[PDB]
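*Asks:* I'd like to ask some things about the structure below.
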Amino acid sequence: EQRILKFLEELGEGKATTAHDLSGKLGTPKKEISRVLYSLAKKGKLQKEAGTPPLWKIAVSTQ
């Protein structure tokens, strides 16, 4: 919970991302990115796009 909030914050406040792009860049297992993503978005510590592909973007997106 300290390695994900340190990389997602450096991304670029206002930049969306995917789960496959995080499990393939850091090597982390999807089972670890799917169980943590649904645990952060529920606490309001990560926005959630609307559609098929669940994109994440640190609170407060561009514009």
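Read the figures in this text as sums done on the coordinates, not as results from a lab.
*Asks:* Using θ = phi - 60° and the Karplus relation 6.51 cos²θ - 1.76 cosθ + 1.60, list the HN-Hα couplings for segment 8-23 in order, rounded to whole Hz, with x at every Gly or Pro.
*Replies:* Each residue's phi maps through the Karplus curve to give 6, 7, 8, 3, x, 1, x, 10, 7, 8, 10, 6, 6, 7, 9, 7 Hz.
*Asks:* Mind checking the alpha-carbon convex hull of segment 8-57 and giving the volume per residue in Å³?
*Replies:* Spread over its residues, the Cα hull of segment 8-57 gives 77 Å³ apiece.
*Asks:* Determine the relative contact order of the chain: mean sequence separation of Cα pairs under 8 Å and six or more apart, normalised by residue count, in whole percent.
*Replies:* 42
*Asks:* Oh, and also: By how many degrees, 0 to 90 and rounded to 10, does the Cα axis of helix 30-40 deviate from the longest principal axis of the chain?
*Replies:* Result, in degrees: 40.
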